[PDB]
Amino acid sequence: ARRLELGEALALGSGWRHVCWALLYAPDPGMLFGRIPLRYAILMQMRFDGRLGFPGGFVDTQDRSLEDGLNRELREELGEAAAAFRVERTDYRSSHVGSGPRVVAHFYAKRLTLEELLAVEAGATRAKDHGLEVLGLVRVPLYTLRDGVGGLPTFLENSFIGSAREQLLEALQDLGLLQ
């Protein structure tokens, strides 16, 4: 897909929709079976349309900026625990020309505490969106199991919204969250 600089993405015409996406993650010393290290807890969401994506949403008229809407979309999607933290410009990573009509996507990534992250998993089922535009949260498995396939490689065979799969890969590399 077509990478764009943030400023050129804000410059696009009035017929463009802007959509904001957050990778929310925290460190995880946990060990699966006491032997495979999780390394980090990273969240993704099953969308209404059967696809895996990131938390976020379309920025609306009364949004004074990308971040105020992003955070607003998160609270609607994840519930009150999202209020504990605020995704900010420093967390911004990239902007992409999405798919379909005139849509451009902004990708953020925000390190939390494991308690913060867990507190968002635990309340996510009382949110406005849940059971409607949102079907379920899952953690991205960062390990590859003994048969060579189960874990991350298998998990990437799933359906992703737009280009989420590519943004995820890029972010695990840039943030060093594998190997």
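Don't overthink the numbering: it's just position in the shown sequence, from 1.
Student: If you average the CA temperature factors as listed in the entry, which stretch comes out higher, 15-23 or 152-160?
Tutor: The stretch with the larger mean CA B-factor is 15-23.
Student: What stretch has the higher average Cα B-factor here, 127-135 or 56-64?
Tutor: Comparing 127-135 with 56-64, the higher mean C-alpha B-factor belongs to 56-64.
Student: Would you mind checking where the Cα B-factor of residue 169 ranks among the modelled residues of its chain, as the lowest, middle or highest third?
Tutor: Answer is middle: the recorded C-alpha B-factor places it there.
Student: Per the entry's values, where does residue 34 land by CA temperature factor relative to the rest of its chain, in the lowest, middle or highest third?
Tutor: It belongs to the highest third of the chain when residues are ordered by C-alpha B-factor.
Student: Using the B-factor values recorded in the entry, state whether the Cα atom of residue 109 falls in the lowest, middle or highest third among the modelled residues of its chain.
Tutor: Bottom third by C-alpha B-factor.
Student: Give the position of residue 91 by CA B-factor within its chain, expressed as the lowest, middle or highest third.
Tutor: Within its chain, residue 91 is a lowest-third residue by C-alpha B-factor, going by the deposited values.
Student: Ranked by Cα temperature factor within the chain, is residue 115 in the lowest third, the middle third or the highest third?
Tutor: It belongs to the highest third of the chain when residues are ordered by C-alpha B-factor.
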